[PDB]
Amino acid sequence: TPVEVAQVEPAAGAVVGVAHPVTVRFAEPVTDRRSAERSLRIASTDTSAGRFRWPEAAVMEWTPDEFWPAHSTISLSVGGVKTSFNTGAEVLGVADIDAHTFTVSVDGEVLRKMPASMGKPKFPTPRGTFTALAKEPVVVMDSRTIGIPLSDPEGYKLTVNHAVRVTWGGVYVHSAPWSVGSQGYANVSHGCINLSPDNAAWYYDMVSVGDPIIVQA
């Protein structure tokens, strides 16, 4: 029994970051996943040069191994529905744990090399190539996410400004006034990428969902 394509992201005519994956939502939960995956056609792209995942029973996700070209129109068709979206500038944020820096560049031009503070050795910042998943003006960081009870001296529960979600695990780029004195010198966070309020606000206003974030040594 065949299945209909309900919704595709990014929406038709949307403008996203160069690392934004394609999600396809089907009308009914999918049985033959391998068939659903083969039904994805991307212009000038081979889907084997990427990775398929299934976030929900009815939604399919494809992430390219390389970034999309910036300032481009990406054309795809999944089964019947044919759509297309656009990419904006390549906005790359590189967190360097050893150097305690967060470097942001647009289309290869380095704009800012900002003092940052990554995770302390007990709670390190996970390394790899990530994607700005969400933008929240305010979010509550809860220490119970990483197994620290609020009754512990090292527990915490606080509101942070200008948060950019890096992982679904709970890694963020956010404003951390508490650690301004350590940013650029040592890593004192619980995993997040700590910036000054002005740098976090600057990065927040210029970043978009889908922009690549790289955490490295």
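We number the residues from 1 along the sequence you see.
For the segment pair 199-207 and 8-16, the entry gives 8-16 the higher mean B-factor, averaged over Cα atoms. Of the two segments, 43-51 and 154-162, the one listed with the higher mean B-factor is 43-51 (C-alpha atoms only).
Residues shown: 98, 136, 90, 109. Highest C-alpha temperature factor in the entry: 98.
Among 70, 173, 57, 180, the highest C-alpha B-factor recorded in the PDB entry belongs to 57. Per-chain ranking of the deposited C-alpha B factor places residue 217 in the highest third. In the deposited entry, the Cα temperature factor of residue 191 places it in the lowest third of its chain's modelled residues. Among all modelled residues in its chain, residue 105 ranks in the lowest third by Cα B-factor.
Per-chain ranking of the deposited C-alpha B factor places residue 81 in the highest third. Among all modelled residues in its chain, residue 144 ranks in the highest third by Cα B-factor.
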